[PDB]
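Analysis of the macromolecular model
These are the residues of each chain, in order.
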Amino acid sequence: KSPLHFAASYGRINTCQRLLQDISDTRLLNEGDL
Amino acid sequence: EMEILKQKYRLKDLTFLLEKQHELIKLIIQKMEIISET
Amino acid sequence: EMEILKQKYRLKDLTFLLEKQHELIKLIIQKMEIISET
């Protein structure tokens, strides 16, 4: 949640892919900030 | 006029040096591990 | 004239301070381990 918002904000590549190992998880993938 | 013109080329070189610094400072954030701060 | 001339010496000191900063910022990249980003 909050890490993937952080890690994608700064281009950290390998952080995202292990966060995107949870396949069919679109709700936090398109989750919004405040 | 040439006093300001010499200052322009030094400032334009300065902001160009700040680009490569800022882009490289983007790169350390892109490649640095973190555990404790999570 | 001396107003711009005083500004030139402050700018020339500024870009000199930016050299040692940028060279040292090169040094942190030279010496920093990485595991997670690979």
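Residues numbered from 1 in each chain as written, not as in the entry; some residues may be left out. Chains lettered and ligands numbered in written order. Part of a larger assembly, values for the part shown. Heavy atoms only, no water. Residues with missing side-chain atoms left out of burial classes, pairs and counts.

1. Some thoughts on the overall build of chain B
Of the regular secondary structure elements, chain B holds 1 helix and 0 strands. Across its three principal directions, the C-alpha atoms of chain B cover 55 × 15 × 5 Å. (Helix = DSSP H or I, 4+ residues; strand = E, 2+ residues; numbered from the N terminus.)

2. Observations regarding the interface of chain B and chain C
Opposite the 17 residues of chain B that make contact, chain C presents 21 residues. A breakdown of the residues in the side of chain B that touches chain C according to their chemical character gives 9 nonpolar, 3 polar and 5 charged. (Contact = heavy atoms within 4.5 Å. Nonpolar A, V, L, I, M, F, W, Y, C, P; charged D, E, K, R; others polar.)

3. Concerning the interface of chain B and chain A
Contacts between the two partners involve 5 residues from chain B, matched on the other side by 5 residues from chain A. Between chain B and chain A the total buried area reaches about 440 Å² when both faces are included, carbon and sulfur atoms providing 52% of it. Sorting the residues of chain B by area buried against chain A places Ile29, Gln30 and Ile34 of chain B first, and these three jointly supply 78% of that buried surface. For the pair chain B and chain A, the number of links is 0 salt bridges. Where chain B meets chain A, there are 2 residue pairs in polar contact. (Buried area = accessible area lost by both parts, 1.4 Å probe. Salt bridge = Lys/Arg side-chain N within 4 Å of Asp/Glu carboxyl O. Polar contact = N/O pair within 3.5 Å; in protein donor to acceptor, adjacent residues only side chain to side chain.)

4. Remarks on the UniProt feature "coiled-coil region" in chain B
This chain's UniProt record puts "coiled-coil region" on residues 2-31 of chain B. Across residues 2-31 of chain B one finds 97% helix and 0% strand; the C-alpha atoms that close the span lie 44 Å apart. (UniProt positions renumbered as here; feature names shortened; annotations may be inferred.)

5. Considerations on the relation of the copies chain B and chain C
If you rotate chain B by 90 degrees and push it 0.0 Å along the axis, it lands on chain C with an RMSD of 0.0 Å. Interpreted geometrically, this transformation is the action of a four-fold axis. (Least-squares fit on C-alpha atoms.)

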